[PDB]
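Please treat every number below as a calculation from the coordinates, not as lab data. All Cβ positions, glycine included, derive from the backbone under ideal geometry; neighbour counts span all protein chains shown.
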Amino acid sequence: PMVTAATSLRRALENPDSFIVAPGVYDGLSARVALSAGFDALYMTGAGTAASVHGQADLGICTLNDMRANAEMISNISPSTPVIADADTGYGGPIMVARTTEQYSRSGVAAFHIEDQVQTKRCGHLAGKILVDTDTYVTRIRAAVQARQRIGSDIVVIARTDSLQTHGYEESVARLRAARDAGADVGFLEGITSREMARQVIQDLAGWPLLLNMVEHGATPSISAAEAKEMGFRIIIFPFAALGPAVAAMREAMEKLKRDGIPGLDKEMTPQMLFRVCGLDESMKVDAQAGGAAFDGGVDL
Amino acid sequence: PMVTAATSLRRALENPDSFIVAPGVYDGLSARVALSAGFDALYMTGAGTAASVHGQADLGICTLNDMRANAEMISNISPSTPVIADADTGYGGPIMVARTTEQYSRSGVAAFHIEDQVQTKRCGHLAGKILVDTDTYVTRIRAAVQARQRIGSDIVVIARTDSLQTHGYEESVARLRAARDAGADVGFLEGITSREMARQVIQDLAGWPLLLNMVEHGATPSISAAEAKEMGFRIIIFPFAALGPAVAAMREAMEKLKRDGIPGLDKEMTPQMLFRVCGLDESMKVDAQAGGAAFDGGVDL
Amino acid sequence: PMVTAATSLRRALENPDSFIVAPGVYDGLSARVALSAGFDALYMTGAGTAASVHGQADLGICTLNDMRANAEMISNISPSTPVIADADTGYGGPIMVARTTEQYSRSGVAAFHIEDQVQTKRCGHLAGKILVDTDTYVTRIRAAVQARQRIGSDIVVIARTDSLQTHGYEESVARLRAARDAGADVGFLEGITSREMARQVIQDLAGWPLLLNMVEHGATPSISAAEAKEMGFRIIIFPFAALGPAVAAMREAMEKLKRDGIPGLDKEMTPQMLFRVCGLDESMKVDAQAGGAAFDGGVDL
Amino acid sequence: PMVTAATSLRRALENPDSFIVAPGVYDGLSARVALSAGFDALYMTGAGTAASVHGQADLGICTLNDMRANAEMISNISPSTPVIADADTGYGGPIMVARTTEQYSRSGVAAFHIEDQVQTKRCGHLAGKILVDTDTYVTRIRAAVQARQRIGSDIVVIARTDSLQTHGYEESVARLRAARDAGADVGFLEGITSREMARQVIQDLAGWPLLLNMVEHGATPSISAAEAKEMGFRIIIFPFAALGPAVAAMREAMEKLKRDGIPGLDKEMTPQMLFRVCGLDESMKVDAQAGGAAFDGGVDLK
Ligand SMILES: O=C(O)C(O)(O)C(F)(F)C(=O)O
Ligand SMILES: O=C(O)C(O)(O)C(F)(F)C(=O)O
Ligand SMILES: O=C(O)C(O)(O)C(F)(F)C(=O)O
Ligand SMILES: O=C(O)C(O)(O)C(F)(F)C(=O)O
Ligand SMILES: [Mn+2]
Ligand SMILES: [Mn+2]
Ligand SMILES: [Mn+2]
Ligand SMILES: [Mn+2]
């Protein structure tokens, strides 16, 4: 019997108390660090995938192949951490949304989210978004739900709406209701603009687990994880938890290297140290375990 | 016709006053950030490829597919900037050394490096490394040379040897010699153990450009670029330039997130901020030029 | 001094007397076979690709990754042989049409066609098609011409319209001329319905090279290369010239393997014969010239 | 729960009565065709993958990435039909054999085979084969077996040796044995020189279910389905069963296209027909059921 984190994430979002905290990772390393810090959930950012795999802004540039491989490898770094993964708008219509679902399920991906934008989608905290009508939107969600059923996957279907910005509060809620009716599992109102409004969605969709996108310095005012739990939310996501820090530091680092002529990393950061963050030691156990002798001796010095 | 940065680097390699300084990057973000900071050349670390793409240590886990893809994107962020891309051992015998060359060429890679380890390779600063003999190795260096000139490519072939730690300085120099005769453009003594030895290679192989691999806190004492230039090297790489610092900053930041429950990114790090680092302005022009409406009134909130 | 069939074909189309016959190929095998036949050009069918890569119909399930990979590899079987690569609707808006143009050009592709359906397009001989408005289409062509030009590519842009069935003859022509004005290299009126439309269109955009798509037993009367040349076409393609016969042959061989329980391939299908169809001899030479003893001996017996 | 055709097959293999007939497919077309002919199992040929995905010979060109992708798409067309996928040598040492085992399980691959060649392998019917040593090889086998249990897959680890051409019959059987020992489920003596040795090897490795690779016009004399069943094989594969014919038919099609200046395909082959061979109807039902109307009025021309 093979296992997926969809299952125990699914049980937790059925327990009305357990609260899910998920930092936003974008590649192998951010995922290894966020694990070491002791988080019990990860979020694979679409934006961060764009950044790292393409060097590109969050503009629909990422392909299903792109997202799925990244989502996959992030999922099996630790197969019991549920991974919540971006899936943008489904990489097409029903035919495509199902492949994405099927794919993300086989991959061990614990949840994903489908938004209501046109396929050449935009970061949610960006102006001038373009949406698809409610009918097409429900059709994506209904495909993802029917797709998981057919293969018996527990993968958690998260319905994002980007419509607040363009269409007003009332309409985004009509969309979330309509996604709840097609069988979605969690509701995702993107870019909540106020505490009044976080409070107001939660009651308007009372008893449906909702998710908060705590992207900072965008449309959404700062809510700590505790306050969100307390407000009623069931999941909070921090898409730039890794990406932000990593940018500031590399920048300073490259400017330092520029004036200086050598990086000057702390003497702690040895290649073995750096490798250990990426599972060196577990990787050599695997070799010694199967009769191999390549890491005979260790690996220092 | 189409241009590649092979020809600049190969040209610059001929003027013996030009000295190529290339920091390590390992994904799009590090790349854009290295570029933003004014570097004239980039080095894509294999180790860093393994870590960001796979979350794995540097042990030959990366496939040609992984490597090339990552090489092409990094190379095309800024087409006029030369990129020296790790090619491990050529991912096979000659047949593969050859596809490796052609594909890196087509990708717009400016230079690459092939070493004398078994395919199932390992970072050069760990104990244990297992090598192939001199003939096989030369076969690889010859395969790259032949495949480049067969397609009319100016990509720069860097001959590396990982054989100092087990076979001794003398052998290491003998393999560089063979390689030089086989037509490599640049010598790569991995894991130079002293300044004595740095000055010494340069002399024993005088006339022939050499790379210094400036990985700190490993086998090589800390030599700055200015100093390497003065010794007589032609290229200096720093594989962990972005990676060390990103690992530190993210570890920090994830620890903060865990205690704090909100990441607290500096206010300067809006979503737009971060996309703008990843070419958002330019992506927005392509559209407008083409001329699209998507982006109309930009994206600011 | 890297080179590309794109430029060879650019030139062909500059002289109106040149006539181009390009059979459909969909994978490495079809490609080798068609090359062995002596054909001077290839057409990588999108439909085709979907069937081999995915085991799926032509419904817009291939992503850019799929199509670029296939196109590149086909293109580099015989680098001197121009390959006309299907490129669907460009895999998104302008941003993606450039990435498509850039990648295809780096891959050695000679030409590609962009059409005017929605991104979840279907084969042009199915009913139903859904189209985007003319402006949105022109925006695509325009991005490919621009993208071409920013990078100095000679790649041929082929403007397709699927508008005949839904909008009729004259809207079709209107769209085509609109694309010509945007810098497109070749017109492509999908599923022309009569031999006199054939001739009407050729004088309707006279001076401008036109492609005939000779897919049989859908929408288009059966017209030959001789006949097409005479009519005044510049390029004739046959998406299923390899595909169909392969299907039918495999169908019959699977029944016969069904009943008889041993395939009974002809005495000449040895493994080695099959391999020589795919460059065994040439890639054994690659090795030797390097050279290892890998195939030292030969491979036979 | 998601269900793997690897279980249905593990269990089929405990039945001493179940004989598995598996034709070699290599792309989606050749999968879809094999299925409709009614086969209950498919074989992904390593060789055929090289040819179709790369245009290249069977020489170690394919990377794990390559092979997994084909193996995955091929398993999931009919997800209840077991797919036995080539795995070459496992693309490196344990670490890599582990990843291969893992990815092939997630993909739905029913079985995969691992050989004792150098990682730059060649078709086991070419000369020149250069092997690795027994220890090294058991390390590979033991790793796919440990990887498999670490994650709880039913995936069937087939053990293959190429050592017959190079090191003789008795060494060939020593290797195959060392490997039953490290936990492999199915044995694969590749390139059987004669029919009395096909009879012999079953005897020598009684207890353990074996696979015949029936590649025609190489080293192995031609032995049929019922005939290998009788002798006592559990699995027979025909790696070129899709690819031989396709080559012959395409060569002819090209000659005809020069002769006639048009393929002259049969009235039967409408685009629709070929598409339906590729599951177009299934595809269109997925859209309708999800509420999409993209295929309203259907898709046959009017
Ligand atoms: O992380 C993401 O990709 C995202 O979709 O959640 C987002 F943050 F960019 C967003 O659009 O909000
Ligand atoms: O960065 C690399 O991949 C490298 O090869 O330069 C190295 F640093 F890992 C090394 O092997 O020294
Ligand atoms: O081969 C193709 O992909 C094609 O676009 O030309 C076609 F045949 F499918 C078609 O749409 O005519
Ligand atoms: O199909 C294959 O790749 C194969 O391994 O079975 C073979 F036929 F090439 C072989 O090695 O015999
Ligand atoms: Mn996103
Ligand atoms: Mn390296
Ligand atoms: Mn097409
Ligand atoms: Mn094989």
Fewest-first sequence of C:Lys229, D:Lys302, B:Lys267 by Cβ atoms within 10 Å of each Cβ | D:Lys302, B:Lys267, C:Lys229
Estimated [θ] at 222 nm from DSSP helical runs (n ≥ 4, -39500 (n - 2.57)) normalised by residues in the protein assembly as shown, nearest 500 = -13500 deg cm²/dmol
For chain D, built as a Gaussian network whose Cα springs stay under 10 Å, the top-fluctuating residue of D:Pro263, D:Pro209, D:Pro239 | D:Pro263
Please report how far the C-alpha centroid of the stretch C:154-216 lies from that of the stretch B:255-269, rounded to the nearest whole angstrom.
-> 57
Using alpha carbons only, how many degrees (0 to 90, rounded to 10) separate the axis of helix B:64-77 from the longest principal axis of chain B?
-> 60
Have a look at D:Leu205, D:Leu243, D:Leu42 and tell me which one the Gaussian network model of chain D (Cα, springs below 10 Å) gives the largest fluctuation.
-> D:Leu205
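Per-residue Cβ counts within 10 Å, from other chains only, averaged over C:37-47: what number is that? Present the calculation step by step, with values, prior to reporting the outcome.
Numbers: counts 8, 3, 3, 0, 0, 0, 0, 0, 0, 0, 4.
Mean shielding count: 2.
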Efficiency of FRET from Cβ geometry, A:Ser8 and B:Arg276, R₀ 30 Å, rounded to 0.05 = 0.15
May I ask you to evaluate 6.51 cos²θ - 1.76 cosθ + 1.60, the Karplus curve with θ = phi - 60°, for each residue of the stretch A:231-237 and list the ³J(HN,Hα) values in order in whole Hz, giving x for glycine and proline?
-> 5, x, 5, 10, 9, 10, 10
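For chain A, what relative contact order do you get, as a whole percent, if you take Cα pairs closer than 8 Å and at least 6 residues apart?
On the way: 512 pairs, mean separation 53.4, N = 301.
Relative contact order of chain A: 18 percent.
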Can you pull the mean other chain C-beta count within 10 Å for peptide D:170-177?
-> 0
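With r as the distance between the Cβ atoms of C:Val132 and D:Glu252 and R0 = 35 Å, compute the FRET efficiency 1/(1 + (r/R0)^6) and round to 0.05.
Working: r = 41 Å, r/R0 = 1.16.
About 0.30, to the nearest 0.05.
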Within chain D, the percent of DSSP beta bridges that are antiparallel, given to the nearest 5, stands at 5
Shielding of C:68-79 by other chains, given as the mean Cβ count within 10 Å, works out to 3
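Can you figure out the FRET efficiency of C:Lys267 with C:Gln289, using R₀ = 35 Å and their beta-carbon distance, to the nearest 0.05?
Values: r = 33 Å, r/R0 = 0.93.
According to the calculation, E is roughly 0.60.
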Starting from the Cα of C:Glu230, step 7 Å along the direction of its Cβ; do the same at C:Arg195; then give the gap between the two resulting points in nm.
-> 0.8
Treating the angle as unsigned and between 0 and 90°, give the value, to the nearest 10°, between the Cα long axis of helix C:134-150 and the longest Cα principal axis of chain C.
-> 60
